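Undergrad: First the structure, then my questions, so here it is.
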Amino acid sequence: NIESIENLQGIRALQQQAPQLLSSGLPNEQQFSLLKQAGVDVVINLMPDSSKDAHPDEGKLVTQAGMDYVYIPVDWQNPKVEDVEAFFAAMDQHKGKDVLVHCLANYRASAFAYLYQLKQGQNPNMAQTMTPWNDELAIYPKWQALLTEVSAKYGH
Ligand SMILES: [Cl-]
């Protein structure tokens with residue numbers, strides 16, 4: 001219900017990308033319970049566990065809160081097409097479920113959400129979807145290259 005959803009607005013860099021897809025930064029432990037209460041079914045974590053900011057065992061927190069957990073860590077300095085494909089496969093395996101894809105500050109996740117919507121034929125607006133990037137995509141040519149390569153691969 002709407003109250004549980006407005007109840008997600010304290011999650012860092014949270015942005016609803018579609019009625020069944022949320023993207024965000026890193027939920028704290030209590031926020032995973034809020035996610036469950038809002039109806040989220042699956043959490044897809046793109047943040048490497050090696051980050052000093054990461055939970056020691058995010059999957060424990062996610063599964064304890066009653067949700068399914070997928071871990072696809074994405075290296076900031078060398079994001080791979082294979083990472084994007086792995087995300088796309090995870091989305092297909094959770095067809096019809098409410099999903100959160102996240103990282104620390106929603107850069108990786110909003111980029112991956114854009115590519116997903118683009119390949120699904122949903123014609124996303126890039127700037128809108130990637131609001132957390134605060135127009136910094138040009139700063140990061142490896143990310144630019146990833147986005148261009150995947151867009152071209154899947155018809156766009
Ligand atoms: Cl915490």
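Ordering of the structure tokens sets the chain letters (A, B, ...), residue numbers begin anew at 1 in every chain, and ligands are numbered from 1 in the order given.
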For the structure I just gave you, how does DSSP split chain A - specifically, which residues are strand (DSSP E or B)? Reply as a PyMOL selection string.
TA: chain A and resi 15-18+21-25+42-45+68-71+99-102+105
Undergrad: Could you write out that same residue set with N, CA, C and O atoms as a CSV table (one decimal), in the first residue's frame?
TA:
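What ended up in part38.csv:
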chain,number,residue,atom,x,y,z
A,15,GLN,N,15.3,5.4,-6.4
A,15,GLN,CA,14.5,5.9,-7.5
A,15,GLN,C,13.7,4.7,-8.1
A,15,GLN,O,14.3,3.7,-8.6
A,16,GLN,N,12.4,4.9,-8.2
A,16,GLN,CA,11.6,4.0,-8.9
A,16,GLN,C,11.8,4.1,-10.4
A,16,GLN,O,11.6,5.1,-10.9
A,17,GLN,N,12.1,3.0,-11.0
A,17,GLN,CA,12.5,3.0,-12.4
A,17,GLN,C,11.3,2.5,-13.2
A,17,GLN,O,11.1,3.0,-14.4
A,18,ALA,N,10.4,1.7,-12.6
A,18,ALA,CA,9.2,1.1,-13.2
A,18,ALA,C,8.3,0.6,-12.1
A,18,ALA,O,8.8,0.4,-11.0
A,21,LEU,N,10.3,-2.3,-10.7
A,21,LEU,CA,11.8,-2.2,-10.6
A,21,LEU,C,12.2,-0.9,-9.8
A,21,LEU,O,11.9,0.2,-10.3
A,22,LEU,N,12.8,-1.0,-8.7
A,22,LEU,CA,13.5,0.0,-7.9
A,22,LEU,C,15.0,0.0,-8.2
A,22,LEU,O,15.5,-1.1,-8.3
A,23,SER,N,15.6,1.1,-8.2
A,23,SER,CA,17.1,1.2,-8.1
A,23,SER,C,17.4,2.0,-6.9
A,23,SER,O,16.7,2.9,-6.5
A,24,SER,N,18.5,1.8,-6.2
A,24,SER,CA,19.0,2.6,-5.1
A,24,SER,C,20.4,2.5,-4.8
A,24,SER,O,21.2,1.6,-5.3
A,25,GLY,N,20.8,3.3,-3.8
A,25,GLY,CA,22.0,3.0,-3.1
A,25,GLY,C,21.8,2.0,-2.0
A,25,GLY,O,20.9,1.2,-2.0
A,42,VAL,N,12.8,-9.4,-4.5
A,42,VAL,CA,14.2,-9.8,-4.8
A,42,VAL,C,15.1,-8.6,-4.7
A,42,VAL,O,14.7,-7.5,-5.1
A,43,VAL,N,16.3,-8.8,-4.1
A,43,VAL,CA,17.3,-7.7,-4.1
A,43,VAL,C,18.5,-8.2,-4.9
A,43,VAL,O,19.0,-9.3,-4.6
A,44,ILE,N,18.9,-7.4,-5.9
A,44,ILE,CA,20.0,-7.6,-6.7
A,44,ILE,C,21.1,-6.6,-6.3
A,44,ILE,O,20.9,-5.4,-6.5
A,45,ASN,N,22.2,-7.1,-5.8
A,45,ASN,CA,23.3,-6.3,-5.2
A,45,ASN,C,24.4,-6.3,-6.2
A,45,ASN,O,25.0,-7.3,-6.5
A,68,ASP,N,14.5,-12.7,-1.7
A,68,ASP,CA,15.5,-13.4,-2.4
A,68,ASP,C,16.7,-12.5,-2.7
A,68,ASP,O,16.5,-11.3,-2.8
A,69,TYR,N,17.9,-13.1,-2.7
A,69,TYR,CA,19.1,-12.3,-2.9
A,69,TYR,C,19.9,-12.8,-4.1
A,69,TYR,O,20.1,-14.0,-4.2
A,70,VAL,N,20.3,-11.9,-4.9
A,70,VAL,CA,21.2,-12.1,-6.1
A,70,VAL,C,22.4,-11.2,-5.9
A,70,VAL,O,22.2,-9.9,-5.8
A,71,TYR,N,23.6,-11.7,-6.0
A,71,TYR,CA,24.8,-10.9,-5.9
A,71,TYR,C,25.6,-11.0,-7.2
A,71,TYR,O,26.0,-12.0,-7.7
A,99,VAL,N,11.5,-6.1,-7.9
A,99,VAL,CA,13.0,-6.2,-7.7
A,99,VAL,C,13.5,-4.8,-7.3
A,99,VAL,O,13.1,-3.7,-7.8
A,100,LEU,N,14.5,-4.8,-6.4
A,100,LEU,CA,15.4,-3.7,-6.2
A,100,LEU,C,16.8,-4.1,-6.7
A,100,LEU,O,17.3,-5.2,-6.3
A,101,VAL,N,17.3,-3.3,-7.6
A,101,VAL,CA,18.8,-3.4,-7.9
A,101,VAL,C,19.5,-2.2,-7.2
A,101,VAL,O,19.0,-1.1,-7.3
A,102,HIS,N,20.6,-2.5,-6.5
A,102,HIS,CA,21.2,-1.4,-5.8
A,102,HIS,C,22.7,-1.6,-5.8
A,102,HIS,O,23.3,-2.6,-6.1
A,105,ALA,N,25.5,4.1,-4.1
A,105,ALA,CA,24.9,5.4,-4.4
A,105,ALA,C,24.1,5.5,-5.7
A,105,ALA,O,23.9,6.6,-6.2
Undergrad: Taking 5 positions as the minimum chain separation for residues in the same chain, which residues sit within 9 Å of residue A:77 when counting only C-alpha atoms? Answer as a JSON list (two decimals) with N, CA and C atoms, in the first residue's frame.
TA:
[["chain", "number", "residue", "atom", "x", "y", "z"],
["A", 140, "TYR", "N", 33.57, 9.24, -17.13],
["A", 140, "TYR", "CA", 33.86, 7.83, -16.91],
["A", 140, "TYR", "C", 33.78, 7.08, -18.26],
["A", 142, "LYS", "N", 34.92, 4.37, -19.42],
["A", 142, "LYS", "CA", 34.69, 2.93, -19.43],
["A", 142, "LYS", "C", 33.20, 2.65, -19.33],
["A", 143, "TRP", "N", 32.52, 3.45, -18.51],
["A", 143, "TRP", "CA", 31.06, 3.39, -18.39],
["A", 143, "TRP", "C", 30.37, 3.83, -19.68]]
Undergrad: Write as a ChimeraX atom specification the residues around ligand 1, taking 9 Å as the cut-off and counting only C-alpha atoms and all ligand atoms.
TA: /A:27-31,55
Undergrad: To one decimal place in Å, what is the distance between atom CA of residue A:12 and atom CA of residue A:132?
TA: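 Computing it gives 10.4 Å between the two atoms.
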Undergrad: With distances taken over only C-alpha atoms, which of A:72, A:104, A:109, A:138 is nearest to residue A:89?
TA: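 Under the stated criterion, the closest residue is A:72.
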